[PDB]
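>>> The data below comprise the sequence and an experimental structure of the protein.
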Amino acid sequence: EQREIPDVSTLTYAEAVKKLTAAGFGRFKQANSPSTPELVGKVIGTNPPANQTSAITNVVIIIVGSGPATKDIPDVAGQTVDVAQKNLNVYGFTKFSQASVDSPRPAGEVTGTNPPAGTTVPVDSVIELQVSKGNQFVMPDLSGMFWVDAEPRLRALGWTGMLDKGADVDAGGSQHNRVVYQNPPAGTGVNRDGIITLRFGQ
């Protein structure tokens, strides 16, 4: 017997089977398609489609939504905003928001994204970009250095700030006029105009 396929869209797979079964069909398969967030795990259509007449001895493909198309956010750190967005475009992302962040990276370079790289997000979702101010430098280790060598090394790194010389530290003759303690610690990101505290040996 031929019979018109009932519309089972928006239903769950199980309930779609029951309705198709009540119509006299008995052989089904599940296929998957991208869909709206509401239709996740829901039937979006069939093959043969709704209201199409068909034999009940034939298979009825029940197509179930899997939600919006997604993609892993690529890493764009170090890239300029212009380059990063175009590289994000090739993945399908077109919506962006930006915020300035304190960073030793050159001004304009992306430091990271929100959601971060490696995150799976919908293609039509918004990706926030953290953009370096280029206002920082990486603090070097100044241990054992004389100030006549220490200062130009800092100036070359972009430091335009002021020295806060603390009291001398009794650390022996081998440390005379040498940096014993420093702040901020080596490796930390330091604002260009930031205050550097040094304590030299007597």
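Here it is on my side, so go on. Residues are numbered from 1 along each chain as shown.
>>> Who are the contact partners of residue 150?
142, 179, 198 (Cβ atoms under 8 Å, 6 or more residues apart in numbering). In short, each C-beta sits where N, CA and C put it, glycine included.
>>> Can you tell me which residue is spatially central in the protein?
residue 116 (1.8 Å; Cα atoms, centre = their mean).
>>> which SS class is that one?
coil (DSSP: H, G, I helix; E, B strand; the rest coil).
>>> can you tell me which residues contact it?
residue 73.
>>> Can you report phi and psi for residue 37?
phi -60, psi -30 (degrees, to the nearest 10).
>>> Kindly report the same for the one 10 residues further on.
Reported as degrees, to the nearest 10, the phi and psi values for residue 47 are phi -140, psi 120.
>>> doesn't residue 60 make contact with it?
Yes - because the distance of 7.3 Å satisfies Cβ atoms under 8 Å, residue 47 is recorded as touching residue 60.
>>> Settle it for me: which of those two has more neighbours?
Using other Cβ atoms under 10 Å, the more surrounded residue of residue 47 and residue 60 is residue 60, with 22 against 14.
>>> from what I can see the more buried one touches residue 5, true?
Yes - the criterion here is Cβ under 8 Å, and residue 60 meets it with residue 5 at 6.7 Å.
>>> what's the burial count for residue 64?
20.
>>> can you pull out the helices in this structure?
Using DSSP state H, the helices of the chain run over residues 13-22, 81-89, 147-157.
>>> Export these as TSV, with columns for distance to residue 184.
Converted to TSV, the helices of the chain look like this (distance: least, Cβ to Cβ, whole Å):
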stretch	distance to residue 184
helix 13-22	59
helix 81-89	28
helix 147-157	12
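>>> among the ones you listed, which is nearest residue 66?
Residue 66 sits nearest to helix 13-22 of all the helices of the chain, at 12.1 Å, using Cβ to Cβ.
>>> on contacts alone, who are the packing partners of the closest one?
Judged by 3 or more Cβ pairs under 8 Å, 6 or more residues apart in numbering; DSSP states H and E, the packing partners of helix 13-22 are strand 28-33, strand 43-47, strand 60-65.
>>> Reformat those strands as CSV; add distance to residue 122.
Shown next, in CSV, are the helices and strands packed on helix 13-22 (distance: least, Cβ to Cβ, whole Å):
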stretch, distance to residue 122
strand 28-33, 15
strand 43-47, 17
strand 60-65, 13
